[PDB]
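Working notes, structure below.
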Amino acid sequence: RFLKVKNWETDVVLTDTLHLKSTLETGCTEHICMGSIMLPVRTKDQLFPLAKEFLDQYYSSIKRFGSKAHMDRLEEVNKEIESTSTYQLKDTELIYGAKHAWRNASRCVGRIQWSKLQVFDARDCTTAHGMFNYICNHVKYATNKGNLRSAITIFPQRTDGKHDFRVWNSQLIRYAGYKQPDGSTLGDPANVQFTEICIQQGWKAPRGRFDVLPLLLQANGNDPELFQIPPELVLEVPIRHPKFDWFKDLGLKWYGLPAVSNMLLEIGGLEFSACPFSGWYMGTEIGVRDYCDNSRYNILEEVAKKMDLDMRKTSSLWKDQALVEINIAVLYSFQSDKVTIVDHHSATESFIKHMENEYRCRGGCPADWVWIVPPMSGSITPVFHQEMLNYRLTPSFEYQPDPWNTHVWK
Amino acid sequence: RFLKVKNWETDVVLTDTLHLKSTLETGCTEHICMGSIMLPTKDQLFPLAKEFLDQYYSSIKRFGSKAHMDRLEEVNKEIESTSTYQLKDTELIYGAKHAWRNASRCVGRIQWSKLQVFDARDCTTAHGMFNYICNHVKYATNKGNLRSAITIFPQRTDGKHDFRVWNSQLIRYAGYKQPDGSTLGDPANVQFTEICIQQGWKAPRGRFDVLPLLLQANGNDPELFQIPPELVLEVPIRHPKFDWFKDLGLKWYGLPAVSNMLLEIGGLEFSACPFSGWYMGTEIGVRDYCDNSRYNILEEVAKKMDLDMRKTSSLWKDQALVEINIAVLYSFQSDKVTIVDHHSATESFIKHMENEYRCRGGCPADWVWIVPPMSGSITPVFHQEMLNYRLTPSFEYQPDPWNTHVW
Ligand code: HEM
Ligand code: HEM
Ligand SMILES: C[C@H](O)[C@H](O)[C@H]1CNc2nc(N)[nH]c(=O)c2N1
Ligand SMILES: C[C@H](O)[C@H](O)[C@H]1CNc2nc(N)[nH]c(=O)c2N1
Ligand SMILES: CC(C)NC(=N)NO
Ligand SMILES: CC(C)NC(=N)NO
Ligand SMILES: [Zn+2]
């Protein structure tokens, strides 16, 4: 079965065959679409088939399908599973696997960069202190003094589900949030619950508006432990506007390294519960969501006031106006400090090229439109006009339940 | 079986059961989501008629009454004898209002119960259609104080006697392919604009020429008609600060009226059912003006604002976009023509959703269409999970007549 995808802005029509290799479910049925829904221990039995599918794809990618090396590897893995219930990936398979989980992440608009990923093998790690060291090395390497490099650090895979490695932080770097007794919130409202956990665990919170949270690392299923990332390793950018000299006085700044650390990486059926990864920001993530979401820093009004916009009636579009300036400032500040960042026009244009390339060479590119289209100026970016097909391919990055909800404290 | 929908801005969670009454397919499957795709017999008829009548009588608190049963059998007999049936005026009105109520791609459904229905089922010719349409336009426009309305022409019979409004919207501007290779007017209507010429129309070769109606009655060939200029309310676009804006020579009509869809009620199909409401600012300022394939005016507005268009990161397109949209709303509001901004419209939809969930068990909604083309995440609907599914009565897309018409 072939599926056609059309771009209503250029009439370009693409054909998708890749979806035929989709196995996981989407959440949607032939009677309902859950496309806008945020989020809708294995056995030897279901493991080998998963390993085989992966290994077949791997050996096919290197043009060695059917080879003796390919057949031996399958027998080697099969024997290992029956012998230990699991199996270890070769370094080459790990790299291939991580890159493809990124390549398959339908909610990621920066996938044109997928083949450029530094993979740090932390599978020999055993303690939280070990995790800390690995993570600091990941941060310094990725930051690279502002010239960001994509990377991922992969810790030991899940075994019996009682010895999981987990990074309790949702992102390696994020600002603390504090609920005040008057009901207001200091810092990032999104991290209030995590911040409380850190404090309870022993963290001495400076209680500021931009306090870098400590790492809470869990190794081999043990109780998590706190660690402070060396300040000198956390690159930050003071936010100022190119024309509005008062912008700087808003006291705003943001970290330069976006690194998701709460997702699960699945390769050949194996589950890597601790796999922090990072790239570089698209301006709107900070300027639109982190700064202007009502449930985040929510700075629209203040910026609106300083600009002396007509805030009496929404139809003046004062929010829209302040939004553009804030995002202009974020981009400007980052480029000035020479910290990698990409605007939504560039990122979306590139994704389109990446997408078309993928249809031709791979037969498709699973993409989640709801997440791909930027949170501002939607239709003036090429992706808005691009029909997309969303389906799940493995290897992949998956969501997993927050650790504080499932962990058995020792 | 009881799906939940969460708003990530307010943590409010709503439970949806209405979807359990869905009957039509969505285009998606457990293995693939096509949520972003633009277009994913007597024996067949009665069950449909039955489904409708049941919900109708249920709505009037007469479910399982004699009146209910009586009507059910009368239609039943009528179908068996005539191979179809006619809706009572009450059913027709109820059906039209609910088709709007079920339109998952419409953000303005909070207004659903306030719909003026014009029963044009007694129509028989193209001139009769022109007359009915002019009356609709005049009623809906109401001197700038817009009123939602729909005019329903004769239902389908044997497919060879279908009524159709060839235009996509009752009021749109023409588009012509110039020698330059460029396009004059609205690029989206180039093809239609030609079928008018090819049919007789005398195009003024302008940038904003109100197109002529191409009405098709009882299956016969379509005919042209010029909408009385005095009935087509337009708004000149001027910025409330950029006096130079006017020099762009931009204007837009005040009455948005989709005319190429098919209304489905109890199995019956109304192929010609033009309907109208009032604009949400972004429709004109973002899509009609700034879409690269439309009037694509971003660069022009950018230049006159003296913005650094060298690098995309200066966000000039974004800045210009906002002004262009501030102007649209400004002009309409100045000329006292009904219009709603994306902020107010979206806030209303959220309220409507909550009403629908607590009073009906849900509200089908297509997030991809509901979220405005600009400033997405600063509107409440961005953070609102939505379940999309098809309920009848409904408004469906249908093949352009010029690809099905046997002259
Ligand atoms: C090189 C620069 C990169 C850019 C510009 C890019 C951009 C983005 C953006 C804008 C999002 C949406 C974030 C949000 O709204 O929460 C995203 C999501 C995603 N990206 Fe990328 N990305 C990059 C690198 C990476 C890397 C290196 C990986 C994996 C190795 C990756 C995996 C993903 C995943 C899995 C998601 C969804 C996360 C979630 O569900 O919360 N991205 N990316
Ligand atoms: C009262 C003011 C109304 C508002 C503010 C509203 C707004 C909108 C908007 C913004 C769209 C998207 C248009 C597009 O992007 O092409 C839309 C679509 C739609 N609306 Fe409404 N609407 C209104 C009245 C109506 C009425 C009277 C009906 C039905 C009788 C209706 C039925 C629909 C349908 C079926 C669609 C999707 C059409 C398509 O697929 O092209 N709307 N509405
Ligand atoms: C409800 C809706 O799915 C939700 O608000 C989504 C929409 N699109 C998004 N897109 C991106 N990139 N990131 C997000 O967090 C979201 N949130
Ligand atoms: C490809 C994609 O479905 C398409 O561009 C959609 C997106 N959302 C939309 N939303 C509205 N209201 N109107 C449209 O025409 C579209 N176009
Ligand atoms: C997914 C994450 C590591 N990258 C970003 N959030 N921005 O690019
Ligand atoms: C669908 C149409 C009749 N309404 C609008 N496009 N705007 O409200
Ligand atoms: Zn779907």
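Note on naming: chains are A, B, ... as they come in the structure tokens, residues start from 1 per chain, ligands start from 1 in the order shown.
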Set out as CSV a contact list for chain A and ligand 5 with a cut-off of 7 Å, giving each residue of chain A that qualifies its closest atom pair and distance in Å to one decimal, counting only C-alpha atoms and all ligand atoms, ordered by chain and rising residue number.
residue,atom,partner,partner_atom_place_in_ligand_line,distance
A:110,CA,ligand 5,8 (O),6.9
A:258,CA,ligand 5,5 (C),4.9
A:259,CA,ligand 5,3 (C),4.0
A:260,CA,ligand 5,3 (C),4.6
A:277,CA,ligand 5,3 (C),5.3
A:278,CA,ligand 5,3 (C),3.7
A:279,CA,ligand 5,4 (N),5.1
A:280,CA,ligand 5,8 (O),4.4
A:281,CA,ligand 5,8 (O),3.9
A:282,CA,ligand 5,8 (O),5.5
Residues of chain A that have any atom at most 10 Å from an atom of ligand 7: could you tabulate them with the shortest-distance atom pair and the distance in Å to one decimal, using only C-alpha atoms and all ligand atoms, ordered by chain and increasing number, as a tab-separated table?
residue	atom	partner	partner_atom_place_in_ligand_line	distance
A:26	CA	ligand 7	1 (Zn)	7.6
A:27	CA	ligand 7	1 (Zn)	7.6
A:28	CA	ligand 7	1 (Zn)	4.9
A:29	CA	ligand 7	1 (Zn)	7.2
A:30	CA	ligand 7	1 (Zn)	8.3
A:31	CA	ligand 7	1 (Zn)	9.2
A:32	CA	ligand 7	1 (Zn)	6.8
A:33	CA	ligand 7	1 (Zn)	3.5
A:34	CA	ligand 7	1 (Zn)	5.2
A:35	CA	ligand 7	1 (Zn)	4.6
A:36	CA	ligand 7	1 (Zn)	8.3
A:37	CA	ligand 7	1 (Zn)	9.6
A:368	CA	ligand 7	1 (Zn)	9.8
A:389	CA	ligand 7	1 (Zn)	9.0
A:390	CA	ligand 7	1 (Zn)	7.9
A:391	CA	ligand 7	1 (Zn)	9.5
Save the residues we just selected, N, CA, C and O atoms, as a short mmCIF file (atom, residue, chain, number, x, y, z; two decimals), in the first residue's frame?
data_model
loop_
_atom_site.label_atom_id
_atom_site.label_comp_id
_atom_site.auth_asym_id
_atom_site.auth_seq_id
_atom_site.Cartn_x
_atom_site.Cartn_y
_atom_site.Cartn_z
N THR A 26 -0.40 3.75 17.27
CA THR A 26 -0.37 5.21 17.29
C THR A 26 -1.31 5.82 18.33
O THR A 26 -1.10 6.94 18.79
N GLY A 27 -2.34 5.07 18.70
CA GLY A 27 -3.31 5.57 19.66
C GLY A 27 -4.59 5.92 18.92
O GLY A 27 -5.65 6.01 19.52
N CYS A 28 -4.47 6.10 17.61
CA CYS A 28 -5.62 6.43 16.77
C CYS A 28 -6.27 5.15 16.26
O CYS A 28 -5.63 4.12 16.16
N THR A 29 -7.56 5.25 15.94
CA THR A 29 -8.30 4.12 15.39
C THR A 29 -8.96 4.63 14.12
O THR A 29 -8.86 5.81 13.79
N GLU A 30 -9.64 3.75 13.40
CA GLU A 30 -10.29 4.17 12.17
C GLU A 30 -11.53 5.01 12.47
O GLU A 30 -12.18 5.51 11.55
N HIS A 31 -11.83 5.18 13.75
CA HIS A 31 -13.00 5.95 14.18
C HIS A 31 -12.64 7.18 15.00
O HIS A 31 -13.50 8.00 15.32
N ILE A 32 -11.37 7.32 15.35
CA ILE A 32 -10.94 8.47 16.13
C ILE A 32 -9.46 8.76 15.95
O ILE A 32 -8.65 7.85 15.82
N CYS A 33 -9.11 10.05 15.93
CA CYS A 33 -7.72 10.47 15.77
C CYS A 33 -7.25 11.14 17.05
O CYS A 33 -7.87 12.08 17.53
N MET A 34 -6.15 10.63 17.61
CA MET A 34 -5.58 11.18 18.83
C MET A 34 -4.29 11.93 18.53
O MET A 34 -3.39 12.03 19.37
N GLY A 35 -4.23 12.48 17.32
CA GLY A 35 -3.07 13.22 16.87
C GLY A 35 -2.62 14.40 17.73
O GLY A 35 -1.46 14.77 17.68
N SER A 36 -3.53 14.97 18.52
CA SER A 36 -3.16 16.11 19.36
C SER A 36 -3.01 15.71 20.83
O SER A 36 -2.86 16.56 21.70
N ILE A 37 -3.06 14.41 21.10
CA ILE A 37 -2.91 13.93 22.47
C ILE A 37 -1.41 13.86 22.78
O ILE A 37 -0.64 13.23 22.05
N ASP A 368 5.14 14.21 13.13
CA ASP A 368 3.99 14.65 13.90
C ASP A 368 3.80 16.15 13.65
O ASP A 368 4.51 16.98 14.23
N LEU A 389 2.72 12.20 7.68
CA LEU A 389 2.18 10.93 8.12
C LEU A 389 2.93 10.60 9.39
O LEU A 389 4.17 10.69 9.43
N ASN A 390 2.20 10.24 10.43
CA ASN A 390 2.81 9.92 11.70
C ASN A 390 2.63 8.44 12.00
O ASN A 390 1.52 7.91 11.98
N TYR A 391 3.75 7.78 12.27
CA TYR A 391 3.75 6.37 12.61
C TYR A 391 5.02 6.10 13.41
O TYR A 391 5.96 6.89 13.36
#
All residues within 7 Å of ligand 1 are required, counting only C-alpha atoms and all ligand atoms; please report them as a PyMOL selection string.
chain A and resi 98-99+102+105+107-111+113-114+117+150-152+277-282+285+342+347+371+397
Members of range 157-389 of chain B assigned helix (DSSP H, G or I) by DSSP, as number ranges by chain: B: 187-197, 229-231, 243-248, 281-290, 298-304, 312-314, 316-334, 342-360, 367-370, 376-378, 380-383
| said: Taking 4 positions as the minimum chain separation for residues in the same chain, which residues sit within 9 Å of range 268-271 of chain B when counting only C-alpha atoms? Answer as a list in words. | reply: residues 45, 48, 49, 84, 85, 86, 87, 152, 153, 154, 155, 156, 157, 162, 163, 164, 165, 260, 261, 262, 263, 264 and 398 of chain B
Show me which residues sit within 10 Å of ligand 4 when counting only C-alpha atoms and all ligand atoms, and put them as a JSON list (two decimals) with N, CA and C atoms, in the first residue's frame.
[["chain", "number", "residue", "atom", "x", "y", "z"],
["A", 5, "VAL", "N", 1.35, 12.12, 0.12],
["A", 5, "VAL", "CA", 1.45, 13.28, 1.00],
["A", 5, "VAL", "C", 1.67, 14.49, 0.09],
["A", 6, "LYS", "N", 0.87, 15.53, 0.29],
["A", 6, "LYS", "CA", 0.95, 16.72, -0.54],
["A", 6, "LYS", "C", 1.27, 18.01, 0.21],
["A", 7, "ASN", "N", 2.03, 18.88, -0.44],
["A", 7, "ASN", "CA", 2.36, 20.18, 0.12],
["A", 7, "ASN", "C", 1.45, 21.15, -0.63],
["A", 8, "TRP", "N", 0.47, 21.69, 0.08],
["A", 8, "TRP", "CA", -0.49, 22.61, -0.53],
["A", 8, "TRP", "C", 0.05, 23.97, -0.92],
["A", 9, "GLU", "N", 1.35, 24.16, -0.75],
["A", 9, "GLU", "CA", 1.98, 25.42, -1.09],
["A", 9, "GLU", "C", 2.82, 25.29, -2.37],
["A", 369, "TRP", "N", 2.86, 16.49, 12.79],
["A", 369, "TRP", "CA", 2.58, 17.88, 12.42],
["A", 369, "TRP", "C", 2.34, 18.79, 13.63],
["A", 370, "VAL", "N", 1.57, 18.29, 14.59],
["A", 370, "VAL", "CA", 1.24, 19.04, 15.80],
["A", 370, "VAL", "C", 2.48, 19.57, 16.53],
["A", 373, "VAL", "N", 5.20, 21.95, 13.50],
["A", 373, "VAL", "CA", 4.87, 23.35, 13.25],
["A", 373, "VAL", "C", 5.20, 24.20, 14.48],
["A", 378, "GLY", "N", 2.90, 30.06, 12.68],
["A", 378, "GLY", "CA", 2.68, 28.79, 12.02],
["A", 378, "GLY", "C", 2.68, 28.76, 10.50],
["A", 379, "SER", "N", 1.66, 29.35, 9.87],
["A", 379, "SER", "CA", 1.55, 29.31, 8.41],
["A", 379, "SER", "C", 2.59, 30.03, 7.55],
["A", 382, "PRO", "N", 7.17, 26.90, 6.02],
["A", 382, "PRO", "CA", 6.79, 25.84, 5.08],
["A", 382, "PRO", "C", 6.14, 24.57, 5.63],
["A", 383, "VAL", "N", 6.47, 24.17, 6.86],
["A", 383, "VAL", "CA", 5.89, 22.95, 7.42],
["A", 383, "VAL", "C", 4.36, 22.98, 7.61],
["A", 384, "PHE", "N", 3.81, 24.15, 7.92],
["A", 384, "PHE", "CA", 2.37, 24.29, 8.10],
["A", 384, "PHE", "C", 1.60, 23.73, 6.90],
["A", 385, "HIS", "N", 2.11, 24.01, 5.71],
["A", 385, "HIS", "CA", 1.50, 23.60, 4.45],
["A", 385, "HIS", "C", 1.87, 22.19, 3.99],
["A", 386, "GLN", "N", 2.64, 21.49, 4.82],
["A", 386, "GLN", "CA", 3.09, 20.14, 4.48],
["A", 386, "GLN", "C", 2.32, 19.00, 5.13],
["A", 387, "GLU", "N", 1.63, 18.19, 4.32],
["A", 387, "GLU", "CA", 0.92, 17.05, 4.88],
["A", 387, "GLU", "C", 2.00, 16.09, 5.39],
["A", 388, "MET", "N", 1.74, 15.47, 6.54],
["A", 388, "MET", "CA", 2.69, 14.55, 7.14],
["A", 388, "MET", "C", 1.97, 13.29, 7.60],
["B", 34, "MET", "N", -3.27, 10.24, 10.11],
["B", 34, "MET", "CA", -3.34, 11.15, 8.98],
["B", 34, "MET", "C", -4.02, 12.43, 9.44],
["B", 35, "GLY", "N", -3.78, 12.78, 10.70],
["B", 35, "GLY", "CA", -4.38, 13.97, 11.28],
["B", 35, "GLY", "C", -4.05, 15.26, 10.56],
["B", 36, "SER", "N", -2.96, 15.28, 9.79],
["B", 36, "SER", "CA", -2.58, 16.50, 9.08],
["B", 36, "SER", "C", -2.92, 16.47, 7.59],
["B", 37, "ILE", "N", -3.60, 15.42, 7.14],
["B", 37, "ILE", "CA", -3.97, 15.33, 5.73],
["B", 37, "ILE", "C", -5.22, 16.17, 5.47],
["B", 38, "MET", "N", -5.13, 17.05, 4.49],
["B", 38, "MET", "CA", -6.23, 17.94, 4.14],
["B", 38, "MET", "C", -7.53, 17.20, 3.78],
["B", 39, "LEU", "N", -7.43, 16.12, 3.01],
["B", 39, "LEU", "CA", -8.61, 15.36, 2.59],
["B", 39, "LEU", "C", -8.35, 13.85, 2.73],
["B", 105, "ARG", "N", -13.55, 21.06, 12.37],
["B", 105, "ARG", "CA", -12.56, 22.03, 11.94],
["B", 105, "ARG", "C", -12.97, 23.48, 12.17],
["B", 106, "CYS", "N", -14.14, 23.71, 12.77],
["B", 106, "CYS", "CA", -14.61, 25.07, 13.02],
["B", 106, "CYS", "C", -14.42, 25.52, 14.46],
["B", 107, "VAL", "N", -13.66, 26.60, 14.63],
["B", 107, "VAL", "CA", -13.39, 27.16, 15.95],
["B", 107, "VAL", "C", -14.55, 28.01, 16.48],
["B", 280, "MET", "N", -12.50, 35.49, 11.27],
["B", 280, "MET", "CA", -11.62, 35.51, 12.43],
["B", 280, "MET", "C", -10.47, 36.22, 11.70],
["B", 282, "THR", "N", -7.21, 36.35, 11.50],
["B", 282, "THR", "CA", -6.13, 35.59, 10.89],
["B", 282, "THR", "C", -6.44, 34.99, 9.52],
["B", 283, "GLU", "N", -7.70, 34.64, 9.28],
["B", 283, "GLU", "CA", -8.06, 34.05, 7.99],
["B", 283, "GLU", "C", -7.65, 34.95, 6.83],
["B", 287, "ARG", "N", -3.53, 34.03, 6.28],
["B", 287, "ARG", "CA", -3.65, 33.15, 5.13],
["B", 287, "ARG", "C", -3.86, 33.82, 3.77],
["B", 366, "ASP", "N", -10.62, 19.21, 15.42],
["B", 366, "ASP", "CA", -9.39, 18.98, 14.66],
["B", 366, "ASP", "C", -8.36, 20.04, 15.05],
["B", 367, "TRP", "N", -7.47, 19.68, 15.98],
["B", 367, "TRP", "CA", -6.44, 20.59, 16.49],
["B", 367, "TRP", "C", -5.70, 21.31, 15.36],
["B", 368, "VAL", "N", -5.35, 20.57, 14.32],
["B", 368, "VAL", "CA", -4.62, 21.10, 13.17],
["B", 368, "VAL", "C", -5.31, 22.31, 12.53],
["B", 369, "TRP", "N", -6.64, 22.32, 12.55],
["B", 369, "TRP", "CA", -7.41, 23.41, 11.98],
["B", 369, "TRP", "C", -7.85, 24.46, 13.01],
["B", 370, "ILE", "N", -8.05, 24.02, 14.26],
["B", 370, "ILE", "CA", -8.50, 24.90, 15.33],
["B", 370, "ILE", "C", -7.45, 25.91, 15.76],
["B", 371, "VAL", "N", -6.20, 25.47, 15.86],
["B", 371, "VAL", "CA", -5.12, 26.36, 16.26],
["B", 371, "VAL", "C", -4.85, 27.37, 15.13],
["B", 372, "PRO", "N", -4.91, 28.68, 15.46],
["B", 372, "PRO", "CA", -4.68, 29.78, 14.52],
["B", 372, "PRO", "C", -3.33, 29.69, 13.83],
["B", 373, "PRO", "N", -3.23, 30.20, 12.59],
["B", 373, "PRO", "CA", -2.04, 30.23, 11.74],
["B", 373, "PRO", "C", -0.91, 31.11, 12.27]]
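By only C-alpha atoms, and with residues fewer than 4 positions from residue 393 in chain A along its chain excluded, the set lying at most 9 Å from it is residues 19, 21, 22, 23, 24, 101, 104, 105 and 366 of chain A.
Residue nearest ligand 2, chosen from B:94, B:208, B:132, B:112 and counting only C-alpha atoms and all ligand atoms: B:112.
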### Message
Any residue with an atom at most 10 Å from ligand 6 counts, using only C-alpha atoms and all ligand atoms. Which are they? Put them as an MDAnalysis selection string.
### Response
chainID B and resid 100 103 105:109 148:150 169:170 254:259 261 274:284 339:340 345
Chain A contacts on chain B, only C-alpha atoms, 7 Å, as an MDAnalysis selection string:
chainID B and resid 9 22 24:37 291 293 312:315 318:319 322 326 329 341 343 367:368 373:378 385:389
Keeping only N, CA and C atoms, write the selected residues as a compact mmCIF listing (two decimals), in the first residue's frame.
# COMPACT_ATOMS: atom_id res chain seq x y z
N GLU B 9 -2.35 23.59 30.09
CA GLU B 9 -2.12 24.92 30.63
C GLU B 9 -2.89 25.05 31.94
N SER B 22 -19.71 7.74 17.12
CA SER B 22 -19.14 8.01 15.81
C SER B 22 -19.48 6.85 14.88
N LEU B 24 -18.59 7.30 11.00
CA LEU B 24 -17.73 7.45 9.83
C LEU B 24 -16.25 7.28 10.18
N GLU B 25 -15.44 6.96 9.18
CA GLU B 25 -14.01 6.75 9.37
C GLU B 25 -13.22 8.05 9.40
N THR B 26 -12.07 8.03 10.08
CA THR B 26 -11.22 9.22 10.22
C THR B 26 -10.04 9.31 9.27
N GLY B 27 -9.69 8.20 8.62
CA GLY B 27 -8.56 8.23 7.71
C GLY B 27 -7.32 7.66 8.38
N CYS B 28 -7.34 7.63 9.71
CA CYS B 28 -6.23 7.10 10.49
C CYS B 28 -6.46 5.63 10.83
N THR B 29 -5.42 4.97 11.33
CA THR B 29 -5.48 3.57 11.74
C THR B 29 -4.59 3.43 12.97
N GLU B 30 -4.55 2.25 13.57
CA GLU B 30 -3.70 2.05 14.75
C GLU B 30 -2.22 2.16 14.38
N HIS B 31 -1.92 2.02 13.09
CA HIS B 31 -0.54 2.08 12.63
C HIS B 31 -0.13 3.38 11.96
N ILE B 32 -1.09 4.26 11.70
CA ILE B 32 -0.75 5.53 11.07
C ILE B 32 -1.79 6.61 11.31
N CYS B 33 -1.31 7.81 11.59
CA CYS B 33 -2.17 8.96 11.84
C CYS B 33 -2.11 9.90 10.66
N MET B 34 -3.27 10.24 10.11
CA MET B 34 -3.34 11.15 8.98
C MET B 34 -4.02 12.43 9.44
N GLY B 35 -3.78 12.78 10.70
CA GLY B 35 -4.38 13.97 11.28
C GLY B 35 -4.05 15.26 10.56
N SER B 36 -2.96 15.28 9.79
CA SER B 36 -2.58 16.50 9.08
C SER B 36 -2.92 16.47 7.59
N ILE B 37 -3.60 15.42 7.14
CA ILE B 37 -3.97 15.33 5.73
C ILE B 37 -5.22 16.17 5.47
N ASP B 291 0.01 34.03 2.70
CA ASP B 291 0.33 32.70 2.17
C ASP B 291 1.14 32.93 0.89
N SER B 293 1.36 31.22 -1.67
CA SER B 293 0.54 30.90 -2.83
C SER B 293 -0.74 31.74 -2.93
N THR B 312 16.83 35.81 7.95
CA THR B 312 15.56 35.33 8.47
C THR B 312 15.44 35.48 9.99
N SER B 313 16.58 35.43 10.68
CA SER B 313 16.61 35.54 12.14
C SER B 313 16.23 36.89 12.74
N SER B 314 16.06 37.90 11.91
CA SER B 314 15.67 39.21 12.42
C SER B 314 14.16 39.17 12.61
N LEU B 315 13.56 38.08 12.14
CA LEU B 315 12.12 37.85 12.23
C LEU B 315 11.28 38.95 11.60
N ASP B 318 7.80 37.82 10.68
CA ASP B 318 6.95 37.74 11.87
C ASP B 318 6.45 39.13 12.27
N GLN B 319 7.34 40.11 12.26
CA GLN B 319 6.94 41.46 12.62
C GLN B 319 5.91 42.00 11.66
N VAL B 322 2.41 40.45 11.99
CA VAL B 322 1.62 41.01 13.08
C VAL B 322 0.94 42.33 12.71
N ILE B 326 -2.91 43.37 12.45
CA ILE B 326 -3.43 44.42 13.32
C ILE B 326 -4.28 45.36 12.45
N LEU B 329 -7.91 43.67 11.38
CA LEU B 329 -8.85 43.81 12.48
C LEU B 329 -9.24 45.27 12.69
N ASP B 341 -10.91 38.38 16.59
CA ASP B 341 -9.48 38.06 16.60
C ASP B 341 -9.26 36.64 17.15
N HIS B 343 -7.50 35.48 19.46
CA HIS B 343 -7.47 35.34 20.91
C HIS B 343 -8.88 35.14 21.46
N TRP B 367 -7.47 19.68 15.98
CA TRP B 367 -6.44 20.59 16.49
C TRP B 367 -5.70 21.31 15.36
N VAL B 368 -5.35 20.57 14.32
CA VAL B 368 -4.62 21.10 13.17
C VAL B 368 -5.31 22.31 12.53
N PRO B 373 -3.23 30.20 12.59
CA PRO B 373 -2.04 30.23 11.74
C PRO B 373 -0.91 31.11 12.27
N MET B 374 -1.17 31.85 13.34
CA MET B 374 -0.13 32.69 13.93
C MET B 374 -0.28 32.66 15.44
N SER B 375 0.80 32.96 16.15
CA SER B 375 0.77 33.00 17.60
C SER B 375 0.13 31.78 18.26
N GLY B 376 0.25 30.63 17.60
CA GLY B 376 -0.33 29.40 18.11
C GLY B 376 -0.37 29.16 19.61
N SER B 377 0.80 29.02 20.24
CA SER B 377 0.84 28.72 21.67
C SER B 377 0.39 29.82 22.63
N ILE B 378 0.15 31.03 22.14
CA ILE B 378 -0.32 32.05 23.07
C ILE B 378 -1.84 32.06 23.12
N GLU B 385 -5.81 19.43 24.45
CA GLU B 385 -5.87 18.19 23.69
C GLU B 385 -7.28 18.10 23.10
N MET B 386 -7.37 17.57 21.88
CA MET B 386 -8.65 17.45 21.22
C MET B 386 -8.79 16.10 20.54
N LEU B 387 -9.99 15.53 20.60
CA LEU B 387 -10.26 14.25 19.97
C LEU B 387 -11.05 14.55 18.73
N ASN B 388 -10.58 14.06 17.59
CA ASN B 388 -11.26 14.28 16.33
C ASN B 388 -11.97 13.00 15.88
N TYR B 389 -13.23 13.15 15.50
CA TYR B 389 -14.05 12.05 15.01
C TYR B 389 -15.23 12.65 14.25
_Quick check for you: according to DSSP on this backbone, which residues of range 150-357 of chain B are classed as strand (DSSP E or B)? Reply as a PyMOL selection string._
chain B and resi 150-152+164-165+169+173+175-177+183-185+210+213-216+223-225+234-236+251-253+257-258+262-265+268-270+275-276+280+340
Which residues, written as a PDB file with N, CA, C and O atoms, in the first residue's frame, have at least one atom at most 9 Å from residue 196 in chain A, with only C-alpha atoms counted and residues fewer than 5 positions away on the same chain left out?
ATOM      1  N   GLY A 177      12.047  25.991  40.393  1.00  0.00           N
ATOM      2  CA  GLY A 177      10.773  26.680  40.505  1.00  0.00           C
ATOM      3  C   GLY A 177      10.344  26.615  41.962  1.00  0.00           C
ATOM      4  O   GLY A 177      10.501  25.575  42.605  1.00  0.00           O
ATOM      5  N   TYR A 178       9.818  27.712  42.499  1.00  0.00           N
ATOM      6  CA  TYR A 178       9.389  27.714  43.897  1.00  0.00           C
ATOM      7  C   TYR A 178       8.002  28.308  44.086  1.00  0.00           C
ATOM      8  O   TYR A 178       7.738  29.442  43.683  1.00  0.00           O
ATOM      9  N   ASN A 191       9.060  23.371  36.903  1.00  0.00           N
ATOM     10  CA  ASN A 191       9.929  22.524  37.704  1.00  0.00           C
ATOM     11  C   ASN A 191       9.694  22.560  39.218  1.00  0.00           C
ATOM     12  O   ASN A 191      10.528  22.085  39.990  1.00  0.00           O
ATOM     13  N   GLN A 201      15.591  16.110  49.176  1.00  0.00           N
ATOM     14  CA  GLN A 201      16.745  15.228  49.121  1.00  0.00           C
ATOM     15  C   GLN A 201      18.013  15.850  49.696  1.00  0.00           C
ATOM     16  O   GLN A 201      19.041  15.180  49.785  1.00  0.00           O
TER      17      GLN A 201
END
Exercise. Between A:175, A:236, A:47, A:159, which is the closest to residue 206 in chain A once you count only C-alpha atoms?
Worked result: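 Of all the options, A:175 lies closest to residue 206 in chain A.
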Checklist line | Exercise: residue 348 in chain B partners within 7 Å, only C-alpha atoms, chain neighbours under 4 positions left out, as an MDAnalysis selection string | finding: chainID B and resid 110 344 352
